[PDB]
Amino acid sequence: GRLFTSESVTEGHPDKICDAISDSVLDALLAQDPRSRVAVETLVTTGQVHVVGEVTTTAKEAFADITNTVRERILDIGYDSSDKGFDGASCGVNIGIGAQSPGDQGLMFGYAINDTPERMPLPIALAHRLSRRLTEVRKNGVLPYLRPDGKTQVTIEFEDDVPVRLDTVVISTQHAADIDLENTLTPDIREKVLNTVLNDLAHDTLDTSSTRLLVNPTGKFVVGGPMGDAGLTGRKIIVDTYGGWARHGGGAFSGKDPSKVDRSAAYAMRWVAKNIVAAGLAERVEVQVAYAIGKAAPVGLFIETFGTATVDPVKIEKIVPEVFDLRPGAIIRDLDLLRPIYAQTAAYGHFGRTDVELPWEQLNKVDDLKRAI
Amino acid sequence: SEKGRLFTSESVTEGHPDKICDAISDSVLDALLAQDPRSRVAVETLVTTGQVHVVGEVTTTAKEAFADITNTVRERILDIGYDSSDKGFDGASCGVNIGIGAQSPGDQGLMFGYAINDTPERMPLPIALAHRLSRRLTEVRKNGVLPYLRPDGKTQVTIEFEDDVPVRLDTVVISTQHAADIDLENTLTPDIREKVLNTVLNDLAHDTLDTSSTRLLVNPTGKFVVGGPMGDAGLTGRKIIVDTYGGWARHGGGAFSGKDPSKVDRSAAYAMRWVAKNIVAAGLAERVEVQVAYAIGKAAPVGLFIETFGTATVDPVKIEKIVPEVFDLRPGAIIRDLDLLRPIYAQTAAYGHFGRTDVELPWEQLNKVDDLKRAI
Ligand SMILES: [Ca+2]
Ligand SMILES: [Ca+2]
Ligand SMILES: [Ca+2]
Ligand SMILES: [Ca+2]
């Protein structure tokens with residue numbers, strides 16, 4: 001029986017702090033100037049944030065306010081005290097962003113699979129559901145002693161490609177110093193985080209009766225975030241996408257405006273793949289787009305259905321570029337990408353989100369595909 | 001009948017800002033390991049216009065090496081070739097800030113490795129060719145053949161595959177920094193074709209890849225005089241697909257540079273490359289993805305899974321059985337057997353960690369082929 005493990009992290013993980021700050025700067029600029037060009041990278045370490053990169057924008061007032069946007073995001077994450085390892089109101093904030101006033105050979109992958117309602121691979125889907133729920137129970141006061149930093153890991157056993165057993169769940173979370181790990185943290189996390197997520201999913205074949213749950217296996221986790229650590233933007237690209245289950249062409253998402261094809265074309269390929277499986281044309285699919293210098297539209301569109309197609313895969317390949325307009329400008333227009341919608345994507349995955357509606361997750365092309373067959 | 005598949009991968013030179021960071025992070029690692037082989041290192045680097053910021057955490061007895069980190073940083077930048085503001089960056093005069101916490105002295109995981117007989121080095125062809133080109137691009141700068149070149153650069157390779165055979169080199173893009181006085185059409189383009197593209201193709205001598213109609217584009221966006229961190233920013237661990245298999249294989253996550261070998265994200269990824277390469281070299285498959293599964297509380301893997309994509313010459317179940325008999329995949333054993341507690345990492349920080357034809361790395365040795373053949 002094959003095992004597969006994926007992980008997720010909360011918004012309080014230092015690498016995710018950086019992704020969120022980078023995309024908070026992006027959203028701030030897009031809110032005032034939708035055509036801003038942005039390439040913003042964030043570093044955090046003990047007591048400090050360093051935001052660098054380049055921007056072309058007319059949004060000078062938003063640019064001036066970046067320092068405050070940074071602090072506010074850190075406070076929203078929940079870092080508001082040195083006791084927690086980090087305080088957005090009093091940490092160091094340094095800005096080294098160059099500012100001015102105003103194709104390529106490419107491959108990009110997308111993936112979808114009918115193993116979850118959100119059409120994601122089960123290990124990453126479950127890991128993200130758990131990291132989101134972990135944060136939710138902190139913020140809604142159900143478990144008020146929790147602190148922001150955390151990580152989830154999910155190992156599933158498969159038999160002939162069917163997920164049959166939930167093998168291991170690891171949940172590591174930051175928490176107040178007075179909390180008993182064995183008699184308070186562990187059962188609260190089992191009841192309020194693991195069991196609620198498993199009930200939400202109600203998976204048809206995943207046996208969770210003998211799951212090994214480990215909560216804070218390395219013990220006390222009182223201080224977290226950048227304290228005694230460091231984070232950078234774009235260091236969780238597998239967490240951001242498919243958890244290792246699918247191939248990745250390279251390129252991080254956060255801090256990049258939608259003109260960056262690494263972001264927008266990856267989003268488009270997810271959209272294509274999700275609509276293909278939701279249309280029942282395959283149970284799982286990897287979609288690959290090929291772009292060439294000097295041509296807007298793709299020079300190639302390839303799929304792999306792993307034996308699960310219900311129609312000829314060559315037919316699927318033919319109809320995708322008829323149904324979808326995969327020119328970069330069309331993707332931007334059609335998904336309405338020149339809007340401040342990115343800070344929300346910077347933790348808990350860019351794909352398969354059950355808590356927010358994202359343009360590239362909409363099943364608005366299922367009918368189109370069915371008509372084209 | 002399906003249209004031929006296209007696949008593109010890319011590589012960057014040691015002068016690309018993200019690779020500058022990988023190199024600085026691993027140069028700090030090597031400096032520490034040279035004095036204290038058991039140093040714990042998690043060192044991240046940021047560069048932007050005129051400045052380097054090195055952060056993270058270290059546990060080491062190598063206090064003299066730690067004190068010298070600022071000089072190690074400057075020396076790496078100068079070795080890359082950034083020695084002037086005219087080039088965008090000067091290792092001797094740029095800002096260098098160190099914010100590293102210093103002190104004196106398992107996990108649920110999955111990691112992938114891959115190999116394939118599409119190249120001599122048993123790497124996927126698009127990334128192998130991209131890396132050979134980026135290495136050669138740097139080589140002709142440093143050896144004086146094309147002395148007007150400057151450090152920053154990028155290569156991209158698009159190949160057409162028909163029924164899994166690489167049949168055509170579709171496009172090669174070579175983007176390189178250079179001196180201001182250089183004629184792009186009449187000097188740079190023909191020099192790059194002759195000294196970089198043609199030499200690499202002749203070295204490779206690929207039996208099926210037709211290069212007679214290759215579209216070569218040299219600096220398609222024009223002049224590239226200033227580069228590196230100038231008007232840009234780089235960070236450690238932002239080229240993980242360049243570092244590995246160029247998108248051809250699955251990646252479990254985790255960057256390499258700035259991490260000592262106790263980090264399983266690095267050492268177990270290296271071990272999986274070693275396993276996959278030996279499996280293919282032993283004739284057990286033409287291509288293979290190897291997946292190792294670790295559990296909290298157990299040193300040895302709880303699973304070892306392979307995918308041979310229909311190319312196995314023996315039962316894949318048998319391959320799965322013999323791998324953990326022949327390879328000791330306990331983290332402590334990988335570290336000992338590959339001799340990882342040595343200053344060998346700065347060299348890995350550009351041009352790929354896998355498939356290197358210019359340097360001999362422990363995880364690329366075919367010293368387990370005989371063992372595998374005896375176990376069948
Ligand atoms: Ca059901
Ligand atoms: Ca529709
Ligand atoms: Ca041997
Ligand atoms: Ca024997």
Side-chain angles (χ1 to χ4, degrees), chain A residues 1-7 39-41 43-46 48 50 52-54 96-98 104-107 109 153-155 167-168 170 212 214 217 228-239 243-252 288 290-294 299-300 302 313-314 317, chain B residues 1-10 42-44 46-49 51 53 55-57 99-101 107-110 112 156-158 170-171 173 215 217 220 231-242 246-255 291 293-297 302-303 305:
Chain A
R2 265 87 267 274
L3 297 166
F4 205 97
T5 300
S6 293
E7 64 184 51
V40 167
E41 314 289 17
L43 168 158
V44 300
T45 189
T46 301
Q48 59 169 311
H50 199 178
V52 303
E54 296 281 328
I97 299 172
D104 197 14
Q105 292 301 111
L107 158 162
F109 290 111
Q153 309 159 242
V154 169
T155 304
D167 177 87
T168 302
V170 190
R212 179 191 196 200
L214 300 165
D229 202 339
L232 303 166
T233 298
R235 288 291 293 268
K236 288 284 170 288
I237 70 176
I238 301 304
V239 168
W245 186 278
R247 297 192 289 178
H248 193 300
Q288 180 207 327
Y291 290 104
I293 288 164
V299 297
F302 316 107
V314 174
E317 285 174 338
Chain B
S1 47
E2 71 181 357
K3 298 200 172 150
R5 271 77 269 271
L6 296 167
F7 205 98
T8 296
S9 294
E10 68 186 32
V43 167
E44 314 293 10
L46 168 157
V47 298
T48 190
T49 299
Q51 62 169 311
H53 196 177
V55 305
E57 296 280 322
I100 298 165
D107 198 16
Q108 292 302 115
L110 154 172
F112 292 108
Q156 310 158 52
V157 168
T158 304
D170 174 85
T171 301
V173 188
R215 186 187 187 199
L217 301 167
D232 205 344
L235 305 168
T236 300
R238 289 287 295 267
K239 286 285 173 278
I240 71 177
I241 299 303
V242 167
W248 186 277
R250 294 191 291 178
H251 197 295
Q291 188 205 321
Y294 290 100
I296 293 179
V302 293
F305 311 110

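These numbers come from the heavy atoms of this one structure, side chains and all, not from hydrogens, waters or symmetry mates. In what follows, every chain begins at residue 1, and chains take the letters A, B, ... in the order their sequences are listed.
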The side-chain contact (heavy atoms from CB on, under 4.5 Å) partners of A/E54 (sequence neighbours excluded) come to B/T49
Measuring heavy-atom distances to chain A, does B/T236 have an atom under 4.5 Å in its side chain, in its backbone, in both, or in neither?
both
Need one label for B/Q291: side chain, backbone, both or neither, based on atoms under 4.5 Å from any heavy atom in chain A.
side chain
Count the heavy-atom pairs under 4.5 Å between each of [options] and chain A, then report the option with the highest count.
options: B/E10, B/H251, B/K239, B/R238; answer: B/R238
options: B/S1, B/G246, B/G231; answer: B/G231
options: B/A249, B/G109, B/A42; answer: B/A249
options: B/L6, B/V173, B/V43; answer: B/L6
options: B/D170, B/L110, B/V242; answer: B/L110

Please round to the nearest 0.5 Å and tell me the distance separating atom CG of A/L232 and atom CG of B/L235.
5.0 Å
When rounded to the nearest 0.5 angstrom, what distance separates CD in B/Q156 from CG in A/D104?
4.5 Å
Please state whether the side chain, the backbone, both or neither of [X] comes within less than 4.5 Å of a heavy atom of chain B.
X: A/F109; value: side chain
X: A/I237; value: side chain
X: A/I97; value: neither

[X] side chain near [Y] side chain, heavy-atom distance below 4.5 Å:
X: B/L217; Y: A/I293; result: yes
X: B/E2; Y: A/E317; result: yes
X: A/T45; Y: B/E44; result: no

Donor-acceptor side-chain pairing of B/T8 and A/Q105 below 3.5 angstrom
no
Of the non-hydrogen atoms in A/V299 and A/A292, which two are nearest, and what is the gap between them?
CG1-CB, 3.6 Å
Greatest number of non-hydrogen atom pairs under 4.5 angstrom with chain B, of A/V44, A/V52, A/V314, falls to A/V52
